[PDB]
Amino acid sequence: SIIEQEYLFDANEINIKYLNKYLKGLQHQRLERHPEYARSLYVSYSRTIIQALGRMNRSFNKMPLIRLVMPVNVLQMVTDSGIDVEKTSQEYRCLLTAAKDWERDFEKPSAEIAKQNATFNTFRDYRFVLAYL
Amino acid sequence: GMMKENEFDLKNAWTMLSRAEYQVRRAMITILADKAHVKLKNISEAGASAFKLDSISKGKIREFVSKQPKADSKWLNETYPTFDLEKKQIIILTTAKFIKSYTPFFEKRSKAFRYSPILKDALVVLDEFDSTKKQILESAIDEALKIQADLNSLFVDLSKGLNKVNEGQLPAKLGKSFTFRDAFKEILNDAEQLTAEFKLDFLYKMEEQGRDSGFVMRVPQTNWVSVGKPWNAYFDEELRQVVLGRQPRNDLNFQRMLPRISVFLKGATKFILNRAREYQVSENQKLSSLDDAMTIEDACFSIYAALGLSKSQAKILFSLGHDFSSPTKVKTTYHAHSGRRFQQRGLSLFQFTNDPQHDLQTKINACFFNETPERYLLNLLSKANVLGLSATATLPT
Amino acid sequence: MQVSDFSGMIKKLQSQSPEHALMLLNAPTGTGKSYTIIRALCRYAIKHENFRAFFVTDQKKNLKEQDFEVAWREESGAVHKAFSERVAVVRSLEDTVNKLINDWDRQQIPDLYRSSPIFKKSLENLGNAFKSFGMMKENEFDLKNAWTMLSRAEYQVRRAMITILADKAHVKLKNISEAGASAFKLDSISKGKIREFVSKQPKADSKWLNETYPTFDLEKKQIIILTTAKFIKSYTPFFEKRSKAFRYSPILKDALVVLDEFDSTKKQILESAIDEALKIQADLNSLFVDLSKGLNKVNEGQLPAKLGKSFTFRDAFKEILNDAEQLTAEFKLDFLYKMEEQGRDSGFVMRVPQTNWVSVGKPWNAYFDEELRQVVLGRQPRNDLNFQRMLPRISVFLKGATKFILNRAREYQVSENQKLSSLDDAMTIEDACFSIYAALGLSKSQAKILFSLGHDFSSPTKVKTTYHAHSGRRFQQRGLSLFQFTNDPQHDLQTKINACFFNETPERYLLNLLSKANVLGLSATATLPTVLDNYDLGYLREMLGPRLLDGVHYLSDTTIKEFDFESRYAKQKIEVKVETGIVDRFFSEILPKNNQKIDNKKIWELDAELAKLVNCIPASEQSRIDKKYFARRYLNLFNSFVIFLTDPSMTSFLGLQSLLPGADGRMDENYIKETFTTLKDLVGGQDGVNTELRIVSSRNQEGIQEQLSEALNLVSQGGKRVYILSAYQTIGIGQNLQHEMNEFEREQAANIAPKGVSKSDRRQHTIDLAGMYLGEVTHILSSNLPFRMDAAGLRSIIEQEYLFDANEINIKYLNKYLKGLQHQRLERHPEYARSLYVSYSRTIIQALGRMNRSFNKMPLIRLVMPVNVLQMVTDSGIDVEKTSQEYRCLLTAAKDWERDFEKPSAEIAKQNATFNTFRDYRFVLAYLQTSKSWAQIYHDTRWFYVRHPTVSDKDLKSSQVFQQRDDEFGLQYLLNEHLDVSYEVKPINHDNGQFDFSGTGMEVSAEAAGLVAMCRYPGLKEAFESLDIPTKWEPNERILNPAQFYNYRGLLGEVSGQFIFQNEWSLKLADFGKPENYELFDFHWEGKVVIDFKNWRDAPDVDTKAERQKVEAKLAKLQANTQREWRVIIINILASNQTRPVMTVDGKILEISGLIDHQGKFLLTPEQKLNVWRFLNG
DNA sequence: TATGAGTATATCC
DNA sequence: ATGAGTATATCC
DNA sequence: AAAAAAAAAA
DNA sequence: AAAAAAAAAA
Ligand SMILES: Nc1ncnc2c1ncn2[C@@H]1O[C@H](COP(=O)(O)OP(=O)(O)O)[C@@H](O)[C@H]1O
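Residue numbers (PDB author numbering), protein chains in the order written: chain A, 796 to 928; chain B, 134 to 530; chain C, 1 to 1178.
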């Protein structure tokens, strides 16, 4: 758990505020909700979905009509952010066109979180360097 | 198979199975040795536990199986690929097996793939890159939890060993390589200053009335206490102890003591790793037949044992960084830089334990996690080419 | 046997509360020892609330817990307590698991734990674990892992029960259950509430809980029944996971420990010690260095003052620190010892109280290489560090320092236990020792090995015990050690010296137990004088004194009279006949000599068959390719077969052997069975049909007692008398050998019942056996050829040490045995070791005791046995007038072949005493250089030698040097059997202390004394009379051995020589006041003269070269010592002829070879006086 | 160069 | 002291 | 103020 | 002559 949160922090997907809230929740056994705009969560969900949909693309003969059945949560969780959909299976592209009603914007919150994390890291570096100097 | 439910019994069941398999291997070894006229017992030991054969005897055995009928050799080579691991051009194995060790034929102790000479200049094809990372990560976590040691005693013993190195009380082979570097003098000075500053010569006694102590975490962003109130420590002169507890008095900066000793240990272990690499390179020159060369792990363990450290202390000190010492000023080619603090510092865990059999002090068991899968991959790339294949090899996550 | 007698013994033992005593009872088997001791234990437990007893036995079949239950029911008549909360049966983990799963299968769990699901799943996983554990009972290496899994499963079951009772008692299980989701610890009040809840619980469920888990409340169990294998080990308390050893637990304090088979316990203890010593091995150099660093940390005030104050103020602590610093400087222990690979196996080193020993022959040598900054160890001749000195010196330092730390740990524990309010969780001595060792920065393994060196044996500090414990048995006092050198690529820079110490013999364990609990030992053979199958009763008597009571001084005289049976048998006219089984090369005597043989060539066919069967063995090339002996054994067995066959009156027979018939040609069931079937109808007409044979063994697929019952029943109702073949081991003490009275028995029966017993007693309606065949009992001494550092090798060395202590073997035999082991060769068993024959007689007596457990008996009990057995039975040290009648007549027959022990035992005792004195004085010269107290001991004992050369026992024990040394260091006087004054000895080897007292070559008496050759000198005899040195040796019990006579002669000669030198040359020769000048020289003068005196006789077989090199080394030491350029004078006192001093070519050395002739008058020339005078001043 | 010649029991790690 | 819902692999 | 026993050589 | 990076406070 801790290492996953540290990975999210390193990739500029959660800021020090969310990490502090998560640690405080862990002190009380009151774990917080998953970060809403952490790109890695949705990309991992999409990765599992892509691997699953690749299991029906190992042949040249296909039935004229294909049916992909899933709950709404799968539609809400998949995304195309850094995923080259052009070189992905047609099934996943159709799934994305179906799930377009819930597409998120990750570039903005990632940008502000990157700024906040860079500032926090600089401040920690200077807090160390004074005490060592 | 029966004991596969509980993971505590898994270790013991695995050990028993390993012993049985080793006995089978020994039987096969005797059968092949008599067919090749090799004096096993003489090579091994007239007694029991031994079978330390020379290169020539096992070479004769390999020659005999090479000239053996095809079915026999095929079965032997399929069942025991490690019978002649140098001849194998392609080695197919799981990620979990790749991380861990392989047991050589003719031997009882297993050798890790990580430090084996079999990887030098090899090509590693990870067919499930990126699915491997989680596996590696999981293994890393498990290993981190297996290796724990009392931080105070570990630091004191390492400082004592380094001071022995300073006074020329170790063989000249490594002593003359330790002493001529200014980093050695600086390490000794830091050890002395830290011992004086945190009163580490004395016993840390943490009085509990029975309440759970939780643990303390150190992550690159902050410290963390699982039970709220920070731990404080002062030097009780009348008791000649270091009182550790929840009292407001903090004359020693315990929350500063915990990471400072860890940083010192990490740096000192890196220095010792460099010296052990030099020692291994020098020693492998003496060897004529480069078939029983010593690995970097063996050199590090030998250095730690010569310094007077225990086997567990050697394991925990060596795991603070596994043979990762970088290239050579990249020969002024490319500057490897990164702002990711967790990849560079990892994290640490500390738990305080009181036992009636060490009633006079409190043990500060430490647990360091430094080798993330990315660092493992970089370290692997320090000695082998890697080819990663999947349909999702470059998904940003 | 009256119960009141055992009650009297119990109350006498309890009367000895502060200084606990040991009581041994000798009562023949078949009498009510176990029964009446159980009754008396139950009665005393009921009457007295605080009485606690441990009924410790050796085999699980002898617990007699049902007998305890019956006795408890009978003795209790008012409260009739439930017997489960007062009497406990502590069983093994495996037995507890077996009981648990049997209760699960048979619904024996009182439906309070069965209903809960967690308890269920614990039971299924525990059953699975037990199935796997039983599946893996073949190998012992993996037995540890299976035991660990079983222990974990059982602990899970216990935790389930704990939480069930917690929720049923409203106790804050949460405190634990949250803060302890693994460790699961509780506090005293919660477990007290649980205990008081289960106290008021219904009878059935609390009864089951107390029966299956005696450790639920151990401080309430008055009687604890267990096996000695469990008694030595630990018990796992309820509400806890870490097991606690019985040895250090407070439950033994002031308890009474009843050992139901006293002599059989020692063996069980000995191996339990041996394999323990091998489990605890540590690197010697690292161990010493770490202990030294910890002690130095204590000195610098870095340990908490709580123990720093206890450590620092003692002088012994400063002495320890100085000794450790000197040892580190001397042996270069700060540096790494590296041994280059030997190619071949390096073997191991062993040290025993008599010598060092190397399994490879070539000695190990070590020197400091300065260029390498290392210590090189190997077979090279260069030995500058004295490795053979290094190992014992470090081991001795470790032993002493650990004893000091153990004393400090006792103080720490007694101080810490006072602060605690609850006495149910105080720390034991082991916890204190481990805490102190961990405080000095020592690893858990290092702490374990350091603690295992003396454990918690301390002895009473008070000097008013009114009895001085003393013993000259070196093995009991210093044990033995083993060292193995190992190299490994993981520690490539250094060679590990793994050390293994054996210091706790079973006698020392018993003495340690007697320091905190009374011991009552019961056995039919509790006091047999053997040191191999019984405790060293001599050592125990020496170390106990009045604390070693005898149980017979409390039995009713009626029972003592009843013990004898030789009058009972004559009243009923019972005859016991025994004859020798004479056998030679071929079967010419197993056939009946009576001229009624039908087939002649069939005998040749049988001979050819046995020759073929003994020639089909490829074991060894000696002993006629291992064929000659086996044939003789077979023919003796078949002679027994024939003798049983011819007689129709023999209702049953038990031909006990030392082998189980197996596959190999040694003993095979098929050949014996076919031979018996042939001889059945080969001799006699009714003999073949009436006689039968049936073999009972563990090689079959069924138990032993039940098949014996089957055979006895076949005799009882099948009408056919049977021959039963067994081994001495497969049927031991505690096994029954009686059957119902068949008609043939009914019409030929008799009774020897005592007075006061009805006709329906258990022993009244059973009958005894008709005669046994006694084959050669073997293996008393181990004979494992591949002598390695394992349990068998330690057992062999320990048996030899035991023999050497009890004065049964001498130094030459031990040296020969060790050299044989060095060459993988065994030596002949000692021919006059009393312990061998007493153990042989012991196993025969134990076998014969199984036919005397019943009243009804049949007459004409004929005995048959091999001739070799008749050669090895003895009555020495055995109460022949109180043992079984069968053994009595066996000794009567043996009277022709009995051998003497007194003379060889006395000779070996003299040799061993002299050897021990020589070794003691050899150690004194090594250590005298450092300290000065040991100088005081040496001076005091050396003067005690001449104060009164012939001493009585009472005078010697009540002395000043014998009283404080706690052993017989240098005071091993001989025993004058004829109260004589003089004796002659032949010295085999002077520099090894080997003497033969049946030889000639050196007489010791007043010839070397004042009254001759020196008394007549004026001013010399008067000084001796003033110095209380009598010139006449009074005829009393003890006299000085040759090693002590050497010091006696040397002291007299040195005093006389100093006096005459001072008289002749008129100066006061000052004494060496320098502590460094020990062993340097006798006396000094004017800063450049050193004077040495000797009392040697006329010219011995010694060359001048030895004296020259001795004085050369001595003067090198002297110049290195006093920083001058000394010149030496040496003196020989007596000379029959004119022998003038001989000077060196340069005049460096002065050597006078005679001053006073054998009359006491001066002989030296006045010109030579002038020569010595002007040489003395230069 | 040189001998003596088993089976069995029980418990923790 | 709620958010969120696992199977695969292998040495000590 | 209760720590012990250490030589060589075969 | 290739050791690291160490605030409090929550
Ligand atoms: N006083 C007695 N009352 C009842 N039985 C006795 C008595 N004395 C001996 N026996 C019986 O003789 C046998 C052996 O005696 P026991 O009391 O067990 O002591 P041991 O085992 O030392 O001979 C047992 O079967 C026992 O029942």
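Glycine included, C-beta positions come from ideal geometry on N, C-alpha and C.
Within chain B, the residues that residue i reaches when beta carbons sit closer than 9 Å
i         : result
C:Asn128  : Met135, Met136, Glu138
C:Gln1062 : The premise fails here: C:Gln1062 is roughly 52 Å from chain B at the closest Cβ pair, so nothing lies under 9 Å.
Residues that residue i contacts on chain A, provided the C-beta gap is smaller than 7 Å
i        : result
B:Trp357 : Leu818
Cross-chain neighbours of residue i in chain A, by beta carbon under 8 Å
i        : result
B:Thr486 : Here the premise fails: no neighbours, minimum Cβ distance about 21 Å.
B:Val352 : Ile797, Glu801
B:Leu480 : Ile797, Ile798, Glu801
Assigned secondary structure, residue i (DSSP; H/G/I helix, E/B strand, else coil)
i         : result
C:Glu69   : helix
C:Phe246  : coil
C:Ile225  : strand
C:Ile1156 : strand
B:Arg351  : strand
C:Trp1126 : coil
C:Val864  : strand
C:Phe923  : helix
Of the residues the options, the one placed nearest residue i, counting alpha carbons only
i        : options                                 : result
B:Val360 : B:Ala426, B:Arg379, B:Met149            : B:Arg379
C:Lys338 : C:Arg1038, C:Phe485, C:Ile603, C:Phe969 : C:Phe485
B:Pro529 : A:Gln871, A:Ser876, A:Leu890            : A:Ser876
Proximal chain B residues relative to residue i, where beta-carbon distance stays under 7 Å
i        : result
A:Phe918 : Within 7 Å Cβ-Cβ: nothing; A:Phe918 doesn't reach chain B, min ~11 Å.
A:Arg842 : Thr525, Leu528, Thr530
Beta-carbon neighbours of residue i, restricted to chain A and to distances below 9 Å
i        : result
B:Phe475 : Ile798, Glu801, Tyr802, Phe804, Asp805
Within chain C, the residues that residue i reaches when beta carbons sit closer than 7 Å
i        : result
B:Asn145 : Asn145, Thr148, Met149
Within chain C, the residues that residue i reaches when beta carbons sit closer than 9 Å
i        : result
B:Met427 : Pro489, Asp492
B:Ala305 : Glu371, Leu372, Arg373, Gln374
Proximal chain B residues relative to residue i, where beta-carbon distance stays under 8 Å
i        : result
A:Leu863 : By Cβ distance, chain B contributes nothing, its closest Cβ being about 17 Å from A:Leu863, past 8 Å.
In chain order, what are the residue ranges of uninterrupted alpha helix (DSSP H) at least 4 long that sit wholly in the stretch 673-757 of chain C? 686-690, 704-718, 743-746
Are three or more beta carbon pairs between the stretch 747-754 of chain C and the stretch 718-735 of chain C nearer than 8 Å? no
Secondary structure, beta strand (DSSP E): runs of 3+ residues fully inside the stretch 470-548 of chain C: 480-486, 496-502, 517-523
Quick check for students: name the residue ranges of the alpha helix (DSSP H) that lie wholly in the stretch 399-479 of chain C, counting only runs of 4 or more. 429-439, 444-451, 474-478
When you compare the stretch 520-527 of chain C with the stretch 26-38 of chain C, are there three or more beta-carbon pairs, one atom per stretch, that lie closer than 8 Å? yes
Are the stretch 916-923 of chain C and the stretch 1038-1055 of chain C touching, with three or more C-beta to C-beta distances below 8 Å? yes
Would the stretch 274-282 of chain C count as touching the stretch 233-253 of chain C if we require 3 or more Cβ pairs under 8 Å? no
Any chance the stretch 492-503 of chain C sits against the stretch 432-442 of chain B, with 3 or more Cβ pairs inside 8 Å? yes
Should the stretch 219-228 of chain C be regarded as contacting the stretch 85-97 of chain C, the criterion being three or more beta carbon pairs within less than 8 Å? yes
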